[PDB]
Structure formats: C-alpha cells, structure tokens
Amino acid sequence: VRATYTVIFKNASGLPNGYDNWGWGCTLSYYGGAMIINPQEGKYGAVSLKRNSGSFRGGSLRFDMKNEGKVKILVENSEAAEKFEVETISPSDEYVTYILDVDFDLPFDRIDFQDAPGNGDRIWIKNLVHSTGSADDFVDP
C-alpha cells in the first residue's frame, strides 16, 4: 500500500533542485517559505514546474494553497506535448491542503498552477509533494 513521497517544494525561497520554471504571464517570488505567483491581468499566467530529469506517473499531488481567484491545476508531458486539467480550485483567503488524484494516462514532467480567470489574482503555494499512490491513501508525511 506504501507509496513513494517526492517532496518537491517545502520552506524554500527559490526553485526546487532539478526543476525549471516553464511558466508564462507571471512574476514568481517567495516569502516565508511560500512560492508566490503574481500573474498579469489578461495573460492567464501560470507557474509550470518542469522536472528536468524523469517523470511522475499517476498518483496524487498534495500542496497547501491560498489564492485570490480560481486556480487551475494541470500536468503535462513535454515529450508528447500534451496537457491534462486535474482540477480548478475556488478562491481562499487562508491556506488549504489539497490532495488531488492525477488521472492523466501519460507520465508527467510539468506541474502547472494557473490563473484561470486571467484577472491577475495571486497564488501562494507551500508544501508540494507527489505520491505514487492515491489521494485516499496519502499519509501526509
């Protein structure tokens, strides 16, 4: 039942080791351990964390987020040039923990957090972890 838990981002102030930002339409900054996305109005901006070597398969994504507007979570396979919409998350003025199943049928090497409405609403992310297992089985490590 045991999963493998990949800690991508926790209490950092820069990009994760082995990840690039393939984002668009935004400024990325940090404060107090949170990644802060400042999207430009009209650009539908996003951070896109690109894993430089290897890929994840299925499993689940866990993260804390607060967000002024609706945020779309996607994964992508850069080799196939395919993207997959995981969930759109409603606004919250406080951090909330999300644990989302990833049902994409390909491996993924990009994880995206996008300003879905394109109004420039800011996004804060902490504590980003992938599990090889399901969201229902995720034991938050």
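All residue numbers are counted from 1 along the displayed sequence.
- Taking the PDB entry as given, 34-42 carries the higher mean Cα B factor of the two stretches 34-42 and 107-115.
- Ranking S60, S78, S48, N67 by Cα temperature factor from the entry places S78 first.
- Per the PDB record, residue ranking by Cα B-factor puts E87 in the middle third of the chain.
- The deposited CA B-factor of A12 belongs to the highest third of values across its chain.
- Sort the modelled residues of the chain by CA B factor and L28 lands in the highest third.
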